[PDB]
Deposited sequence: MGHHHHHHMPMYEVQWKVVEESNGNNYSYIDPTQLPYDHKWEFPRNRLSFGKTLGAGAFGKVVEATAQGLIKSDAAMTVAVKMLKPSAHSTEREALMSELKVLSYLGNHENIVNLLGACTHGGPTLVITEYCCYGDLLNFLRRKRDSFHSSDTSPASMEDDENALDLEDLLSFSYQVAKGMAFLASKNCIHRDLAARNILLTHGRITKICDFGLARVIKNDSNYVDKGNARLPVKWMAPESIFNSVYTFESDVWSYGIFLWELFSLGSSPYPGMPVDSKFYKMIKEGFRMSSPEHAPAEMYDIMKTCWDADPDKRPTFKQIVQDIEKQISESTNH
């Protein structure tokens, strides 16, 4: 048909975000997975002070576009408390850079790992509930803007001041207004992917929820690797398709495990929505 919902992520880069590279000074390397580095940015404030930011870059081609992808998606979504904030981008004379909010504690996965012994500036059950709650809200927001993240995991969740969680790395994110599915034609997070994504290459709101389930398992297991000791081979894919699922992690309240189980239903339609998840966790928090 000749009649289309316009996808904002496919529109041209809006130079409202453009930022002079002269006004950036690169610090330490912050991650590699491209790479992000800490920097100070002049002129982002009305009073014209310097502020600390995180800049996402590439090394000297599909990752070239994945960065442009991530940028247009962030630009499209706008600002939310539970998403890494886009602050600007450099696209002129030089390599493409993406400036975003700096999260002082880094990824949630290594945070839970550092804090694993201190558990029970320590960690306790109420923090993990909060992380549950915030991440589901950030996800419910993406779903509200017809966006699927497609790489939901503890490694892609940053923790900032105030124990606030932010979703980051939108390289694989898509906007699914026109079609109810998304079919892909790269390297992928198998142990976080829904079956229909592995077997038929389809991605939907329901497949993000599946990833959210695996994330909870990461979360209540204090940063343990999914399907521990299980290599990604033929043995793995069968067990998935036959219906086998991880068991409850050590510190997961029974009703939080019930949420993982419904996120892992082979039937996408029997999975809950992020809207429903946010309601569930909110009631669990109240009863305390």
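- Stretches of the deposited sequence lacking C-alpha coordinates, numbered from 1: 1 to 24, 58 to 59, 87 to 89, 150 to 162, 228 to 229, 333 to 335.
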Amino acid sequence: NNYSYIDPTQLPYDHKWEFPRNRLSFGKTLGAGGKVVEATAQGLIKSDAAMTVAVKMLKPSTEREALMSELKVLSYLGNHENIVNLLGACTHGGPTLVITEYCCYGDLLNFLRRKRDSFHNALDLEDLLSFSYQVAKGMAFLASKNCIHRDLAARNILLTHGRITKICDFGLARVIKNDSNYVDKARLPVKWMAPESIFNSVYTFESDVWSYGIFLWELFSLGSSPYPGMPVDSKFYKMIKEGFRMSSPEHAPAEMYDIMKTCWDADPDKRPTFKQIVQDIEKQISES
From here on, numbers count along this sequence of modelled residues.
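- If you average the C-alpha B-factors over 91 to 99 and over 202 to 210, the higher value belongs to 91 to 99.
- For the pair 174 to 182 and 144 to 152, the mean B factor over Cα atoms is greater in 174 to 182.
- Of the candidates 259, 36, 240, 252, it is 36 whose Cα B-factor is highest according to the PDB record.
- Residue 219 sits in the lowest third of its chain by CA B factor, as recorded in the PDB entry.
- Split the chain's modelled residues into thirds by C-alpha temperature factor. Residue 277 is in the lowest one.
- Sort the chain's modelled residues by C-alpha temperature factor and residue 234 lands in the middle third, per the entry.
- Per-chain ranking of the deposited C-alpha B factor places residue 126 in the middle third.
- In the PDB entry, a CA B factor belonging to the highest third of its chain's modelled residues is recorded for residue 161.
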